[PDB]
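The analysis underlying the following values was restricted to heavy atoms, covering all of them including side chains, and did not include hydrogens, waters or symmetry mates. Proteins get letters first, then strands, A, B, ... in listed order; numbering begins at 1 in each.
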Amino acid sequence: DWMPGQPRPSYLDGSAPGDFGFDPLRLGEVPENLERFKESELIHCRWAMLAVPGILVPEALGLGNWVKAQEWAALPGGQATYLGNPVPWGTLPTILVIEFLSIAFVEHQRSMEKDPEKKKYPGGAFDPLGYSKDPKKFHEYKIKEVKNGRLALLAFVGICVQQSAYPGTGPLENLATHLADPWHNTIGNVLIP
Amino acid sequence: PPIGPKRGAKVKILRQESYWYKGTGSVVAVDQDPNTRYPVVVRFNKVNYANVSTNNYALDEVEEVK
Amino acid sequence: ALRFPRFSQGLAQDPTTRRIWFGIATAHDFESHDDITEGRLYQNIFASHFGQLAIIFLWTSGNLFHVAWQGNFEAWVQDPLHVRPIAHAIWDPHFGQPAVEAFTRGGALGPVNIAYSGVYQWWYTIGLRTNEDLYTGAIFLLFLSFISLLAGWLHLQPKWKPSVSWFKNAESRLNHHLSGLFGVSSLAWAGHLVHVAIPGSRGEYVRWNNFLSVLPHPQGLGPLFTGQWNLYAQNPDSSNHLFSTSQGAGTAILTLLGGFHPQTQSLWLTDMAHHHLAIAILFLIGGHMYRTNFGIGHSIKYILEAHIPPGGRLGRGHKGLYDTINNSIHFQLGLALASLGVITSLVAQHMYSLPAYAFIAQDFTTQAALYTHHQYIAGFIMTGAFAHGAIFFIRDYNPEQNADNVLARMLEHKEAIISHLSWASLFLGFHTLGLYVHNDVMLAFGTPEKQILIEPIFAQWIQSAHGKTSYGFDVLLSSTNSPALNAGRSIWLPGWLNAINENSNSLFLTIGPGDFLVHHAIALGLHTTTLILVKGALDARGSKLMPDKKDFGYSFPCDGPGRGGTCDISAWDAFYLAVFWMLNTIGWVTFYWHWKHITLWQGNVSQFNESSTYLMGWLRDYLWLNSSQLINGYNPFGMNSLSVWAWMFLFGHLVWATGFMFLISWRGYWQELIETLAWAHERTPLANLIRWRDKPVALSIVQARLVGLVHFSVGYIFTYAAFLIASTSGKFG
Amino acid sequence: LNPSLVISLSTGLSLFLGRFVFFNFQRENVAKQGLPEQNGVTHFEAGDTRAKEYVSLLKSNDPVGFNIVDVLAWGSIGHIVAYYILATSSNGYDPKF
Amino acid sequence: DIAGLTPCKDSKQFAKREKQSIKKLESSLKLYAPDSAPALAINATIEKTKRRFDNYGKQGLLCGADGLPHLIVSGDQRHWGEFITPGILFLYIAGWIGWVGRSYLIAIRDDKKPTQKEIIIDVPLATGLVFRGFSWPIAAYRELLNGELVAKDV
Amino acid sequence: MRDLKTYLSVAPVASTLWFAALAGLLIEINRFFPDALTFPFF
Amino acid sequence: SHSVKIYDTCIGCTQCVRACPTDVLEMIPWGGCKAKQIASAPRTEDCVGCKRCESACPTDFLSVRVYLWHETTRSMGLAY
Ligand code: CLA
Ligand code: CLA
Ligand code: CLA
Ligand code: CLA
Ligand SMILES: CCCCCCCCCCCCCCCC(=O)OC[C@H](COP(=O)(O)OC[C@@H](O)CO)OC(=O)CCCCCCCCCCCCCCC
Ligand SMILES: CC1=C(/C=C/C(C)=C/C=C/C(C)=C/C=C/C=C(C)/C=C/C=C(C)/C=C/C2=C(C)CCCC2(C)C)C(C)(C)CCC1
Ligand SMILES: CC1=C(/C=C/C(C)=C/C=C/C(C)=C\C=C/C=C(C)/C=C/C=C(C)/C=C/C2=C(C)CCCC2(C)C)C(C)(C)CCC1
């Protein structure tokens, strides 16, 4: 339970992977809304779970932070660089067009399915090692996935707010700044400036 | 067996052209003789624009409240 | 029939004079005529539209012809700043010789009128130079008037009248009006500017006889198809250019600069051509939305029925509104009038701050005249927009077909709407009048430092965010490194910041306490007029004092003196009351505009800034002070050319006061008087050999209200027009 | 830069997308929205002569049903894209970071 | 400064107004006697003028080109004495009045002849009710949470 | 005497007294703290 | 001639007939009320439209209604 001693919603019993009875705004009071919301939750969680390593790893490497790495684009002679090598097709417009075409194709492909259990767990060509063997370790894996995903979303929004507090910084620069004087470099200095 | 609500009950008006519409009044007499289309006599707490405080009503324009 | 009027048999059998009066005032209410169909109503309205189009073309024909014939245009084009434009000649046999001498100005050879419509500046701006252009245009307008009349006739016979369900095809009409009527017209206007007026302001005279042989740009239509549009803006007019000459002229045809033209204090022509091209593109692309004969597009009814929020807070949403709008003409007219009224006062607000015509910002009287004209017309249009909503609710509304959608829900909590409008307008009135009276008392006692002077810090902040640097706020476009100022610094921000930070134009004038107080008065006016009109609309189907009002029509006198009395209970009567408040509100607005501008044009802005905060200031320093020349237009020692305004001023005061009669005295008194007079006449010798054919009767109740209101607002407009024109024209500054 | 190259590239991409990616979704949305109706019937069945669908040219020999109208719509989508790209790629405009 | 307004201590126009008004008073004074009662009244008014101008100087108000004091109601903290704290005072007193009135109305609504107590006040009852407005905020809060402030089914 | 106590609580007399007392209170406040434009305390 | 209509909520109090200044109204027998009486309006070509009858009716809402309609000599109250 998300709040011990707090009555559960009627429509949220505790069977769904991740249901801890949390919906104070009753936005899932309609079932056909709740199905879309479950698929939506998993999509967001998966994007953030893939994103936060993409934000931490190259900064921990010898590269620029997640904001700095997307700054050539706003200058005319823009040119990207992966692992310190000038991307041949690095210019902006080619990248924008390619991104559009590919993402549109795959996302419409996603929209064209109506299971609605496949909408969140399609599997098949997406489950190579076949971890969908047993329906009891399967539900366990579902819970662990959703839990890590909510943690990942928490961390991504934390990254964004720390960014807008210290413009021109990275997350690991923030961790270094905080380990450099723990009792003095904390959130107080940005809530009571 | 008589008709209608009891004498001195508390009823709600459903005749929307009435001044006391969706308000409440107290029954005082229910004409039992059929051939009368408005048997219930209801007395109200406030007067309407014509300075009148009682009116006749049909059986279905009156709904008992508690 | 067998008598006038034919459309009403009930009026035709009326043996009193009423028959004539009401015969005239019911002639265009087609839904109330005997033997009316749907087809007859629609076809009548179509032909009537065509008649109005002919009217408009004939009127503009008249203006062109008359300034080309009795006018001043040719001399005005040679020096727009030092000559007064003529409207037309005066021929009046009651004139005496001194008045003849007094009105002969502008270089004319006899008495004339000076024009204040602003047509010389507008026609000069778009290309017309000599009297033959004006004659040409007038003849073409005569032609278009005749063609309008011919179409109106043609679409009334059989073999040419359309059906009711042609008129009910909404998707078709919207496709055509969006891409055809708004987009194609704007494209062709961009064309006229690119081909005729942009050259016209560079020395060349392109006309019908040579235009196929003059390039508008050095590399015509090359860039457009190769894609590099930027070449069309590669060489703008330099900022030392003289309008109708080649000195300092460029070659660009489309730009985006932002500023004003330095010499004429007007918008650049290239900016306006580029604007019209841009919006014509937008309209053309957007006119391809709804579905027609070709199997693609949208169903409006489906969009309306699909928009219902789950959780049922809007009930059944918009389900069924397509047929409520498509079947009611009063609904559609109310919508049309509301949109047109809002954009009419938008025209008013944008034409004084961003003048489009060359040398019009230096003609102060035309500025004031145009602003007041367009604001008053917008106010009337608003009152009509709300009146046709009440007519729709009475006549064409169907409850069961709108069950539980947004409309019936509006009807279902009318008390909560009216009560909160009432609260808002009470609050504004109390505090605004209270602060004005506080300030007046403070100054009567000689303590102007005890005034309550609230500073409008939000409007000052918004002006800073546009790049004004008079309040030191340093926000968007007024800061140094913000992305807003950073992203536009190359295109329009130089010209914009240059114009907004100049303090002799009207682009975002400085504001202070006086502006705060008068703006809250304007808000009070808008809220109270809205309260009256909305209450009249939402109570037109019935209330508690009369629950069956819908069975009586839009307009009727009363329900007698029973139930306490029911004078002025129809929805027509709510409209009639709201017209007074509309007039008062537009009065406050235009008084504000004219006082601020007349003190700015005199280099005496501190006068307004000090006197505007208490009502004795408005009465003495604006009304009384600016009246001397007008009322001296004629006096025991002679008359000057202000005479006609000094006269008109008094006319307006007279008509207004006569309106009080019809509004305070009511019918019974007059009817008894008339019975007395009828006796007197029938009894007198040599005069009873003459017999009237209609029995004379007093006017009707609703008729008396209408006639009183008409006198009142005619007097209103006339007196204010006379004073405004005479007090600006007398100073000409 | 090369105008006709970009023009036909954008047009061919738009038309391919219309015929191979969204053709189903679009047909389904058009089916479920339907013909505009007044008072319960379509505009023809209320007496409007000029408001009858053009059955003749809509029919097509495509395997899926692409016709002249889809070509016009999607092709001009591609043209508008191509012209935006051309204009702002040659306009010399530059913001600043 | 804020909206271009400089402080009344540093405003030359503010001073000019002060001394102009003061010596207009003292020109009206030089009559009737140097000690008669009119002279005493005029001198009292002069001293009151000095006190007023100096108090506006102390309180840190903003002056414009007119030389008169202006008011900032935006929420800035250097100026809460201008609008927000007198506004809190007003809202408190107004709620007090209205709350007492509503509780009186409710207290008499069950009488056989309620109108008799509307045109002829029950003064001991009102005397018992006047002082509940002192805590009207807390009471109104717990009356909103109770589902007790809004007449149900209206 | 009881009738007088009732009469003194009729609407016009009650309002007259209420507002005369209120007027005295505001008058004396302004006689002590004159020319207030702000809350100069805290 | 104006229109006058009687509705079945009438309690047959006769107050409307007593009030008419031109004798438009009338009582007729009925069976729908304790009075076995109902108002009727047989002579509406003489109605001046004063609504003196409506001020007299006690039912809520009214049981007699006057709809002003086309005007004549008698309806306008003209003595000439
Ligand atoms: C100067 C003339 C005047 C004034 C002051 C008003 C004022 C008002 N009109 Mg009105 N009106 C007028 C002319 C005027 N009207 C005319 C000519 C017409 C055409 C017939 C109308 C038609 C009209 C309509 C149809 C409506 C109004 C409404 C209103 C009220 C709007 C709410 C408001 O602003 O809060 C208050 C503003 C005030 C200015 C009140 C001022 C009075 C203060 C309180 C004086 C305080 C008294 C003080 C203690 C001393 C008392 C002295 C003692 C002897 C009693 C308001 C009281 C609307 C309304 O009722 O809103 C709910 C409304 O529906 N008016
Ligand atoms: C491309 C095809 C097309 C075009 C061009 C039009 C054009 C027109 N139709 Mg039509 N219509 C069409 C197709 C078309 N229709 C079809 C297919 C149908 C059947 C569904 C209809 C059914 C129909 C009906 C039933 C009616 C019209 C009407 C009208 C006229 C509107 C009134 C008017 O002139 O105001 C002019 C409007 C504009 C110029 C555009 C608006 C301008 C905005 C508001 C502001 C302008 C800004 C600018 C600053 C102004 C400059 C000011 C300065 C110069 C002084 C107009 C000329 C009405 C009519 O014909 O009256 C006789 C009307 O009754 N149409
Ligand atoms: C496109 C705009 C438009 C259109 C098409 C209509 C159309 C219609 N209106 Mg409407 N209305 C409009 C705008 C419009 N209105 C506006 C802007 C207002 C606010 C003023 C109103 C307010 C309004 C009301 C309150 C009513 C209508 C009514 C009507 C219907 C019949 C009108 C009629 O023929 O009576 C006859 C026409 C007249 C009597 C006009 C003659 C009298 C005028 C007012 C005097 C003109 C002043 C004077 C001569 C000029 C100055 C004098 C000189 C010294 C200079 C009709 C369908 C009436 C109706 O029948 O209900 C459906 C109705 O009661 N309208
Ligand atoms: C300035 C406003 C005004 C005006 C002009 C009038 C005028 C008149 N009132 Mg009136 N009245 C008014 C306000 C006004 N009242 C108000 C506000 C109220 C409310 C209290 C009343 C209440 C009232 C009552 C109760 C009575 C009158 C009566 C009269 C008439 C008196 C007889 C008379 O003198 O004939 C002469 C006419 C005039 C003096 C008007 C001016 C004449 C002009 C200058 C002549 C110009 C003619 C012109 C060439 C026409 C041709 C123009 C062409 C284009 C058509 C008169 C026509 C009384 C009456 O009817 O007497 C029999 C009557 O009993 N009034
Ligand atoms: C430049 C000319 C200006 C006028 C252009 C408008 C005309 C084009 C559209 C008219 C459609 C006619 C519809 C059928 C209407 C029709 O022709 O029906 C003929 C009409 C019979 O009426 P009906 O029985 O058809 O009535 C049904 C009505 O509901 C239809 O409106 O008889 C008359 O002609 C009466 C004449 C009175 C004339 C009164 C004089 C009015 C003076 C002003 C008139 C307009 C002038 C305006 C100038 C300011
Ligand atoms: C009664 C009725 C009616 C009528 C009604 C009316 C008359 C209404 C109106 C109204 C109105 C009169 C409205 C208005 C409005 C407006 C709006 C709604 C707006 C807006 C906008 C915005 C939002 C903006 C934005 C912006 C931009 C764009 C940029 C700059 C900045 C800003 C922010 C400004 C009808 C017939 C229908 C029906 C029946 C009933
Ligand atoms: C036979 C066939 C084929 C072929 C096909 C093709 C070849 C296609 C196409 C097509 C196309 C190729 C189409 C197109 C186009 C279209 C359109 C429809 C267009 C447009 C445009 C627009 C409409 C606009 C323009 C403009 C202007 C005019 C102005 C300025 C700018 C803009 C842009 C706005 C194949 C073998 C494959 C298969 C089998 C069959």
Side-chain angles (χ1 to χ4, degrees), chain C residues 8-19 21-23 32 34 542-553 555-567 570 667-668 671-672 674-683 688 691-692 694-703, chain G residues 1-27 32 38-41 43-80:
Chain C
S8 190
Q9 166 90 228
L11 290 160
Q13 286 176 51
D14 185 340
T16 77
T17 46
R18 178 187 181 257
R19 159 178 83 85
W21 291 121
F22 282 46
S32 266
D34 299 335
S543 63
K544 209 186 259 184
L545 181 52
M546 186 166 36
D548 59 358
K549 203 190 319 196
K550 59 181 178 48
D551 305 301
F552 283 76
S555 149
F556 61 99
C558 68
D559 214 15
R563 311 197 300 288
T566 59
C567 319
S570 79
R667 183 185 187 274
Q671 173 63 72
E672 315 202 329
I674 280 192
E675 300 184 301
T676 278
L677 293 175
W679 179 88
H681 179 279
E682 262 193 67
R683 281 307 150 184
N688 48 9
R691 294 170 168 95
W692 61 70
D694 310 82
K695 316 187 204 184
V697 286
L699 321 180
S700 148
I701 294 163
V702 178
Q703 154 164 28
Chain G
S1 291
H2 304 307
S3 320
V4 196
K5 302 300 181 199
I6 310 281
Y7 295 84
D8 87 325
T9 53
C10 172
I11 49 140
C13 69
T14 66
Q15 285 329 290
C16 59
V17 184
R18 304 191 172 282
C20 190
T22 56
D23 179 45
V24 171
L25 310 152
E26 238 174 41
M27 299 315 295
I38 187 87
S40 99
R43 284 177 294 281
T44 36
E45 84 274 0
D46 292 320
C47 177
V48 287
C50 57
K51 311 209 144 161
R52 268 195 223 186
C53 44
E54 295 186 350
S55 324
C57 193
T59 63
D60 175 72
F61 193 54
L62 295 154
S63 299
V64 50
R65 212 70 171 105
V66 180
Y67 307 92
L68 301 149
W69 207 231
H70 312 147
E71 301 272 19
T72 65
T73 298
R74 302 176 194 176
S75 178
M76 286 272 266
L78 285 211
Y80 48 90

Portion of C/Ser8 that has a non-hydrogen atom of chain G nearer than 4.5 angstrom
neither
Given the rule in the salt bridge (charged side-chain N to carboxylate O under 4.0 Å, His left out) test, do G/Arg65 and C/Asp559 qualify, once you have shown the distances and angles that lead to the verdict?
CA-CA 10 Å; G/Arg65 212 70 171 105; C/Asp559 214 15; 2.8 Å; yes
Can you tell which part of G/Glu71 gets under 4.5 Å to a heavy atom of chain C, answering side chain, backbone, both or neither?
both
If you count heavy-atom pairs under 4.5 Å between each of C/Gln13, C/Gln9, C/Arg563 and chain G, which one has the most?
C/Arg563
Measure the CG-CD distance between G/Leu78 and C/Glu675 for me, rounded to the nearest 0.5 Å.
7.0 Å
Can you tell me which portion of C/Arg18 sits under 4.5 Å from chain G's heavy atoms? Options are side chain, backbone, both or neither.
side chain
For a quick test of reading the model, state the closest non-hydrogen atom pair linking C/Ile674 to G/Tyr80 and the distance between them.
CG2-OH, 3.9 Å
Nearest heavy-atom approach of C/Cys558 to G/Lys51 is O-NZ, 4.2 Å
Taking only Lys NZ, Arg NE, NH1 and NH2, and the carboxylate oxygens of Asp or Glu, determine whether G/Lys5 and C/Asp551 approach each other closer than 4.0 Å.
no
Return the option, out of C/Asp14, C/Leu11, C/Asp548, with the maximum number of heavy-atom pairs under 4.5 Å with chain G.
C/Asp548
Is C/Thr16 close to G/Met76 at the side-chain level, that is, under 4.5 Å between some pair of heavy atoms?
yes
Taking all heavy atoms of G/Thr73 and all of C/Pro15, pick out the closest pair and write down the distance.
OG1-CG, 3.6 Å
